[PDB]
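Let's start with one chain on its own, the form deposited in one PDB entry, as structure tokens.
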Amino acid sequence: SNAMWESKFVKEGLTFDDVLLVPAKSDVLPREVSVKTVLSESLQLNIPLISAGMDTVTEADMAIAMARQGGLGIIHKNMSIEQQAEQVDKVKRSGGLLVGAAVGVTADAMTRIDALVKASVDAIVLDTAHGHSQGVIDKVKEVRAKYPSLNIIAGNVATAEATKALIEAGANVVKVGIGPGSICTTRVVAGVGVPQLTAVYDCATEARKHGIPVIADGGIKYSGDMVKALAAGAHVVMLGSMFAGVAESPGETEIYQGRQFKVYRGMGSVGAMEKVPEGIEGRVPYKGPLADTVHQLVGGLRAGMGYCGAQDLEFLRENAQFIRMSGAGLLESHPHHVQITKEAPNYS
């Protein structure tokens, strides 16, 4: 019994800023690489980007623009059931685009899920703070029993054991991430978390055994961080802060120092729960149309995949190697000892 006491401090975790991708032999160029991904037979994305289901990130206009760029948007749940079904319905009829919707694990959940399926949603995201809870496992079984063909994205988890549990309950996709969010204070106020790159790797190690894809959710600050998440085993990444400043996102621009900002807050923050916190309320710079951000993101992915000799995302997922570095290595990776004159489209 003494084993659990002696294993308290054995595990080690890595995050994005701890590693770099090692360049390998390459026969492919960034322009000729493929960035398509399959989450299920009914759900395939042309770019591996999903906008997060938060009240400051994704509504009708964001989900529309995401799908038009080849990605996916998850309409948040901080609205009435009919309002969310009305948002899903807007995205589907506006050219047959893909759309998702967030649902919380509550007694009224199944009523909301039914209304979303009639709007022909492609996937429901049962997103909760702790996916390794029995309430979450049961809700996935109750939805899989009622809708055997519905794409179910279950999260959030950070361990292989939680990944195996949600897969066994009938979830097609597992969303990974406890604590990496830019607006998240879970690790500070509750002390609980797993470094995101290790969380993605540990969960992808289990999901591989079942043919299940995983979503790297939260913590991505630059386009290179997305490449690290995919190379660690993730099929797709979920972004919040990098999308909150975009024009097609809910909320209006506010002025700070002559510059435009958009509100970005955690769904566990005081403000978001009104209509103990595990998030903060803030603002991110205004970034303009989604196409300009998505173009820089995909372009960094194509560059990274060319460096790794990856013709497609599966090759990157199963062959790419990292190298660990210290804090001095992180300062070398960024621009240093030179006064930056202009703001770059991919570096702010």
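Here, rigid core means the biggest group of C-alpha atoms that superpose within 1.5 Å across both forms. Numbers follow the displayed sequence, beginning with 1.
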| item | value |
| --- | --- |
| Cross-entry absence of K139, a third or more of other PDB entries | no |
| Unmodelled in at least a third of other entries of this protein, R112 | no |
| Deposited residues lacking coordinates between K209 and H210 (none, 1 to 3, 4 to 9, 10 or more) | none |
| 81 to 89 versus 199 to 207 - which carries the larger mean C-alpha B factor in the record | 81 to 89 |
| Which of 40 to 48 and 306 to 314 has higher mean CA B factor, as the PDB entry lists it | 40 to 48 |
| Of the residues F243, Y256, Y222, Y264, the one carrying the largest Cα B-factor as recorded | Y256 |
| Largest Cα B-factor, entry values, listed residues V276, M110, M238, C184 | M110 |
| Chain-relative CA temperature factor third for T163 | middle |
| Chain-relative CA temperature factor third for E32 | highest |
| For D292, the third of its chain into which the C-alpha B factor falls | middle |
| Third of the chain, ranked by Cα B-factor, where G73 sits | middle |
| CA B-factor ranking of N346, expressed as a third of its chain | middle |
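Here the subject shifts to the form deposited in another entry, a form of this protein not shown in this document.
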property	result
Residue from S182, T159, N172, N78 whose Cα, after superposing the rigid core, lies 2 Å or more away between the shown form and the other one	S182
Per-residue C-alpha change between the shown form and the other one, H132, threshold 2 Å, rigid core fit	yes
CA-CA separation of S182 and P289, closer or farther in that other deposited form than in the form shown [shift of 3 angstroms or more]	farther
Comparison of CA distance in that other deposited form with shown form for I183, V125, at least 3 Å	closer
